[PDB]
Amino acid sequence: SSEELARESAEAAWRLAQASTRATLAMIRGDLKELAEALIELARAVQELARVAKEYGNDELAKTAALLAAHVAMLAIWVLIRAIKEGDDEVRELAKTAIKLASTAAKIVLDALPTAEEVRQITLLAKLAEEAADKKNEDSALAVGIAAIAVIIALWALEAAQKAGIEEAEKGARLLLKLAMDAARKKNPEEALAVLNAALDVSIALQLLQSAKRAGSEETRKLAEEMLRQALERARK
């Protein structure tokens, strides 16, 4: 029922914003207990958004829920590393719960969109962050935390590459997602950080490409495509 799809998705999208606002406020103040406990509430809302997208087969709604799961998993690692670095077992377990809640949400999207490689990479990153949480590791969780940020930036470069349809842009977003997940499985903070600056490099090129596509001045497009390829080679080698 399309009426029921609009009902459940709208009410889950409202609970999504409610939890996002609660987490943003705690992100300012540094209240890690409230922030992690808010990422739990946020991970639930992403989970039921992935569940409604599976029930009604809305593939676009599943992709949105997968993107949100990646953001919750990434934030929960920054809370995880800052908790084990402060010896807070209560906040560490709160963050761990937020990780696995977002992991199950990604696995729900992976059940609806198994042939979506970016959803697989999101699911692998969350399950990889699960391991870093049960590990009580300040170094492995730090590495997957860097790689998580590189994935998030590459995911926005991908969705921005969907617009305008620049294939050199989405090809680059794919390369960064693979090299970030490769650096995450390697658990090397140096490699993941190298993928991070490359993801930033091409995403700024993208914004420069989109400001060069709009209202002419397409000379800013040439060197931003060249900047895109320079940065992709900065990640390859």
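In case it trips you up, residue 1 is the first one in the sequence shown, and so on.
Comparing 66-74 with 25-33, the stretch with the higher mean C-alpha B-factor in the PDB entry is 25-33. As recorded in the PDB entry, 219-227 is the stretch of 219-227 and 14-22 with the greater mean C-alpha temperature factor. For the set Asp59, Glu41, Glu48, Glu170, the PDB entry puts the maximum C-alpha B factor at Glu170. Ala180: CA B factor in the middle third of modelled residues in this chain (values from the PDB entry). For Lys136, the recorded CA temperature factor ranks within the highest third of the chain's modelled residues. Per the deposited record, the Cα B-factor of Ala192 falls in the highest third when ranked against the other modelled residues of its chain. Sorting the modelled residues of the chain by their CA temperature factor places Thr115 in the middle third. Looking at the C-alpha B-factors along this chain, the one for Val52 belongs to the lowest third.
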